[PDB]
Amino acid sequence: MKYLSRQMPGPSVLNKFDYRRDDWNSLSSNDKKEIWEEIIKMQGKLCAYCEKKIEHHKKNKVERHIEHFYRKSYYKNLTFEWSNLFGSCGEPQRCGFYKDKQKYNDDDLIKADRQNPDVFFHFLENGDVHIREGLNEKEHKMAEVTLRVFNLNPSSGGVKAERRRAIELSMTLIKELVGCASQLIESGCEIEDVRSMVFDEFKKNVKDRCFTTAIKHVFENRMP
Amino acid sequence: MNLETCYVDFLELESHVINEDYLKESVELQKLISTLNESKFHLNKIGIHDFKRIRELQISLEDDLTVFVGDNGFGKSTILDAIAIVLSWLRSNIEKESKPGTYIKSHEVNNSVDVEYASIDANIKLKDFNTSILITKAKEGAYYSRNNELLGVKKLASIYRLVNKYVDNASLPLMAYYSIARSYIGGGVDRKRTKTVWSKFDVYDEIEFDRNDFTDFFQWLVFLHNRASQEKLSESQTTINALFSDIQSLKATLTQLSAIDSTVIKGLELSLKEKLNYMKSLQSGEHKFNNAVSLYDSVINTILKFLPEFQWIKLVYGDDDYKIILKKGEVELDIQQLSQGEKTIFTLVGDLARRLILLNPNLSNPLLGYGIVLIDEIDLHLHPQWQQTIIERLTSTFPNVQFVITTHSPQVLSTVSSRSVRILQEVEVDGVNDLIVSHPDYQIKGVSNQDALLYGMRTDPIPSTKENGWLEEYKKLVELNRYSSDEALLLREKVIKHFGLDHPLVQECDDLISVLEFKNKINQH
Amino acid sequence: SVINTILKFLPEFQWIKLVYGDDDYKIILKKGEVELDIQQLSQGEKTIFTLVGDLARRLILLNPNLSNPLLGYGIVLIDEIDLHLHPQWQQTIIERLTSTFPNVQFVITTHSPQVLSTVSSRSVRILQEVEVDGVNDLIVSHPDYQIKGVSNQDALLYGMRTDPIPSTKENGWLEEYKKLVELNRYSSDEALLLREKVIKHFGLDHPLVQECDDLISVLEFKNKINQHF
Amino acid sequence: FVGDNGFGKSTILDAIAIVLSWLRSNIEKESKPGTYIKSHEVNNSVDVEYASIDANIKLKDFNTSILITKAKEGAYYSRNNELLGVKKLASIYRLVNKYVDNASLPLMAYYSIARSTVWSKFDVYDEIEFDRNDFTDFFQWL
DNA sequence: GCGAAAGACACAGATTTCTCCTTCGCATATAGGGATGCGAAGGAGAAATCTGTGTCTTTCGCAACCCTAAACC
Ligand SMILES: Nc1ncnc2c1ncn2[C@@H]1O[C@H](COP(=O)(O)OP(=O)(O)OP(=O)(O)O)[C@@H](O)[C@H]1O
Ligand SMILES: [Zn+2]
């Protein structure tokens, strides 16, 4: 995951509803379309948790649904709160559809809006996740439990197969760019001059791609 | 012009006029035939409720090809059974009015305590003509009873009966079903144990392919060959005159026997009917005949199209019997000396071509009729080379038939469009197993079989042996900059000992080590 | 002994038992926390069930004296082991067969490339056909690489020497386009219309298309930086 | 073994089945005929005269060999078969099993394709051919 | 009086299984030879169970009804 930059609130039709109404099912189709328009604008076209593509370049449409960060039954005070809304894929073995059937302490969950996830996780070339060292016991507890509840670190198959395929498909660009950088440092130039330019070009070419964070992390390590 | 409006117009015009020839040359009949010919028969939707192990399911069928992919305990076979039940009713009504079909037996209902009845709903589309059929059965001792609804089926079958009644060369739809037991049928060797006239109602006896059709196929081939011999003999009208004289003599003998032997009389009547049918066939021969030699070459060439390694097929008469001779390379073989794959691909195509040829006696090329075919386990006894070419040949030889197929291999799946793939998964929703249907995310036509395995079936294309565990641990060590370690050397010795130093896989990790080491040198300095 | 042998072969289950109910009787298997019936199994599981059952029955009846009867000696021949098996089943059958009975000799024939990826290159023979002195005869060869742990298509291309990628007409435009991109030519109208066909059949976001478009950016940046200094 | 269709993959298995049939027959009883070669199984080439199969079984350091043959039609084959070696193994097994009870015997099985006493005490049979997809019979046996 | 949709009633015929009929081969209680008696495979041809066709049976919520109380048909 990445750090989601929440914008100024735009709930619109959500303001019309109140606590007395409750009845999440009573939301109209136009209200859902407006909410999806905002979510798409803020979130891009990728899932919040697994970063799998959720919308094609518009017959069949990818399954998607709205998720609440906190459970509705326990935290009904946030049923219509704007900060509790998220977009999730329809995969029946991970993300929202998997969070429901699990027992966990909410107070020990990572929220993409509050804290930057890059301080905990560190992906590798073959698609597995490695927890960074030097963290406190509380942080290690959160990092170790969020993957378990989200099923984002399976032994084999699942998300790991797709992450590996994406990385091996994007490996050619990384190899070429690092070759150009190595050639440019074998003649003579300022390190920050070349580094800013390569980083800018690579960042420009990786916008709106599936699993962009894994390729991101796989890029700095190879880079000198 | 709507088909229904023309049908009712002909119905109301039929009552007034009693002369048959006026009807046989009326403009209404011509319009009805013209509109009935250019219409494509095809199923549209299907739904299942509490049938065997399925609780609730709705499926939309493509008009050209559909593939079912996935593994589960209920089994993808049962869905095909449901369709087979529905089509049986359509066939029965064509044979005779209000003939019963196939019912749902009591033991097929779900055994749960909260069920009372099971039902199946289907819809048939024909241009802009829509029909629907519901078939239901209730458990024993139920308070309320349920019955089938057969108005639409009887209405659709009435059109076919009406057209077939006035014109003697009507075309009829084709329905067939090939289960996984055909391997045994394909194993039939030798006779291990002759109809004079063949009609389009012969094939309508049964739906599912079984052993006896192979025997009948041999008989049909023999007959087809003998008729072509007459064409080679250049038989004149004298043969027809001799046949007529023999028919008259048989009639005289039957009349004499009728006076002062029920089986003998019945046999004489059957022989006279066969002679009359032969005389009518001879009369139809003057009307451009049918070029039986062309039919023989059409079936031979169609069989040879699927077996490119063979030279010719022939029928050889010896020892007072006919045997099939296969020429492969520079050798002659009998059909019992072939492999299993060639036997199965021989029988499937032979049966399909026989049914299509018999069902459309009017068309110039009878391989362009309409129908529906269901095939289970398409990839039986086929090596990967043949798996990648069967679909194109199937959809190019018979371009007007709708296929429903289940498969288990990624090689077959990599040659079909992503809009014809349905994936079945089980979800433990609300503490109850369900059945959901999904579609592939990306186009899978033309991609490698690894991607087709990853996307079209959702499975890891790489095993998880112990050596892969060593590989993953070593890759983690090198990728973590900590490659200079005694444990790393210990793992590396095992890796080289197993895979080998020249392996392409090891080269990539070595390159990674070199570039990382360089980066370290530059950063330190 | 038979039940324990079957349980050892399949460790994903907990127990198997026969239960006589109030009005019927059935065989119950427990996996995880779910109870299943013998009739809910697929065709592949039934095939494995009867194969292992018969093998265990014969081994027990042939060694009445050994403490562990699964340590006998013999030879077993299997033809087309991959019949009626899902691809996820094909990737684990060999290890279980060679680990449950470790003192038996196996001779197996197969068709699927997924099975090949789990077999060491020491024990694989490939049958070909060549003509020598005007006479056509079969020959036996061996693979040139180690095919234990390789992917699906690597095993298909090496262990069987076929083409992993089909020869569809749609792939022709992709091959022609990529070749045209090699000898720098991505400005001709012919390339534009071929790109139109390719982009129409696959789509903007297809990974293959993105990888193809990546090369263009690499060249453009290459000449950019080269001209900068 | 890996190959395409019509490349003799099944021929090897049938050859080994014929080789093991005679050993099993001699094991059950001395001087008992095994299974023969069908006439249609001989090569169809013009210059062929006879067909033969040879085998070698190694037990630690002991070795044995067997050859079986058949002639097409009126030709001069390699005289007759050679079963001298197999009868020594059969005699060894018979002698060992005659004196000491509850001994051990080798296992020979062949799971073919569709095509188409302790064993007698419970239900089982002594045949070399067994077929899969017969789950009903195993269920009733269980 | 009787829509649509499933069963009962009557009449054929078909087929796999089995049970009776050769044929010669053997055998074993009487020093080899011959004989009364039984066992082994083909080869029938009989029979029970199943399946298929054509004529009835049943009784609809069946365009078109009045509006105050009780009983009957
Ligand atoms: N009498 C014969 N003379 C010559 N060739 C023969 C004869 N009988 C069979 N063959 C050859 O045998 C080949 C098939 O052999 P085989 O049954 O071993 O094939 P396979 O594909 O390995 O088998 P399977 O599918 O059973 O595993 C045919 O292609 C044919 O040429
Ligand atoms: Zn997701």
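Protein chains in written order, with the entry's author numbering: chain A, 1 to 58, 62 to 227; chain B, 5 to 197, 202 to 268, 272 to 536; chain C, 309 to 537; chain D, 72 to 187, 204 to 229.
Ideal Cβ positions, reconstructed from N, Cα and C, are used throughout, including at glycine.
Contact set between residue i and chain C, taken where Cβ atoms lie within less than 8 Å
{"i": "residue 510/B", "result": "454, 457"}
Residue(s) in a DSSP beta bridge with residue i
{"i": "residue 178/B", "result": "382/B"}
{"i": "residue 343/C", "result": "338/C"}
{"i": "residue 447/C", "result": "436/C"}
{"i": "residue 10/B", "result": "Residue 10/B is not bridged to any residue."}
{"i": "residue 126/D", "result": "137/D"}
{"i": "residue 427/B", "result": "In the DSSP output, where bridge partners are listed per residue, residue 427/B has none listed."}
{"i": "residue 58/B", "result": "55/B"}
{"i": "residue 64/B", "result": "49/B"}
{"i": "residue 510/C", "result": "For residue 510/C, which the question treats as bridged, DSSP gives no partner whatsoever."}
Proximity to residue i [Cα-Cα], best of the options
{"i": "residue 41/B", "options": "112/B, 98/B, 168/B", "result": "168/B"}
{"i": "residue 370/B", "options": "193/B, 209/B, 14/B", "result": "209/B"}
{"i": "residue 76/B", "options": "444/B, 109/B, 241/B, 286/B", "result": "444/B"}
{"i": "residue 146/D", "options": "93/D, 117/D, 73/D, 74/D", "result": "117/D"}
{"i": "residue 389/C", "options": "409/C, 420/C, 381/C, 380/C", "result": "420/C"}
{"i": "residue 171/D", "options": "373/C, 440/C, 429/C", "result": "373/C"}
{"i": "residue 51/B", "options": "414/B, 44/B, 65/B", "result": "65/B"}
{"i": "residue 112/A", "options": "50/A, 142/A, 209/A, 46/A", "result": "142/A"}
{"i": "residue 260/B", "options": "245/B, 274/B, 279/B", "result": "279/B"}
{"i": "residue 58/B", "options": "215/B, 437/B, 477/B", "result": "437/B"}
{"i": "residue 101/A", "options": "183/A, 149/A, 87/A", "result": "149/A"}
{"i": "residue 358/B", "options": "502/B, 63/B, 190/B, 412/B", "result": "190/B"}
{"i": "residue 393/B", "options": "381/B, 354/B, 411/B, 385/B", "result": "354/B"}
{"i": "residue 95/B", "options": "266/B, 383/B, 44/B", "result": "383/B"}
{"i": "residue 94/A", "options": "104/A, 66/A, 76/A, 87/A", "result": "66/A"}
{"i": "residue 466/B", "options": "487/B, 474/B, 433/B", "result": "433/B"}
Heavy atom of ligand 1 within 7 Å of residue i beta-carbon
{"i": "residue 509/B", "result": "no"}
{"i": "residue 79/D", "result": "yes"}
{"i": "residue 339/B", "result": "yes"}
{"i": "residue 111/D", "result": "yes"}
{"i": "residue 313/C", "result": "no"}
{"i": "residue 269/B", "result": "Structure remark: chain B lacks residues between 268 and 272, so residue 269/B is without coordinates."}
Chain A contact residues for residue i, given Cβ-Cβ distances below 8 Å
{"i": "residue 533/B", "result": "188, 227"}
Proximal chain A residues relative to residue i, where beta-carbon distance stays under 7 Å
{"i": "residue 525/C", "result": "208"}
Amino acids of chain A, ordered along the chain, whose beta-carbon sits closer than 9 Å to that of residue i
{"i": "residue 69/B", "result": "The contacting residues do not exist; residue 69/B stays about 17 Å from chain A at best."}
Under 7 Å by beta carbon: chain C residues contacting residue i
{"i": "residue 219/D", "result": "355, 358, 359"}
{"i": "residue 484/B", "result": "Within chain C, no residue comes near residue 484/B; the closest Cβ sits about 13 Å away, beyond 7 Å."}
{"i": "residue 464/B", "result": "395, 460"}
{"i": "residue 472/B", "result": "459, 460"}
{"i": "residue 89/D", "result": "By Cβ distance, chain C contributes nothing, its closest Cβ being about 12 Å from residue 89/D, past 7 Å."}
{"i": "residue 75/B", "result": "350, 394"}
{"i": "residue 216/A", "result": "Here the premise fails: no neighbours, minimum Cβ distance about 17 Å."}
Whole-number beta carbon distance between residue j and residue i, since they are thought to touch under 8 Å
{"i": "residue 220/A", "j": "residue 126/A", "result": "5 Å"}
{"i": "residue 454/B", "j": "residue 510/C", "result": "5 Å"}
{"i": "residue 113/D", "j": "residue 122/D", "result": "5 Å"}
{"i": "residue 225/A", "j": "residue 526/B", "result": "6 Å"}
{"i": "residue 476/B", "j": "residue 160/A", "result": "Contact flag wrong, Cβ pair sits at about 15 Å."}
Under 8 Å by beta carbon: chain D residues contacting residue i
{"i": "residue 162/B", "result": "Per Cβ cutoff of 8 Å: no residues; residue 162/B is ~44 Å from chain D at best."}
Beta-carbon neighbours of residue i, restricted to chain B and to distances below 7 Å
{"i": "residue 186/D", "result": "191"}
{"i": "residue 164/A", "result": "465, 471"}
Distance cut-off 7 Å: residue i Cβ against heavy atoms of ligand 2
{"i": "residue 52/A", "result": "yes"}
{"i": "residue 47/A", "result": "yes"}
Closer than 9 Å at the beta carbon, the chain C residues around residue i
{"i": "residue 47/A", "result": "In chain order: nothing, as chain C lies at least about 15 Å away."}
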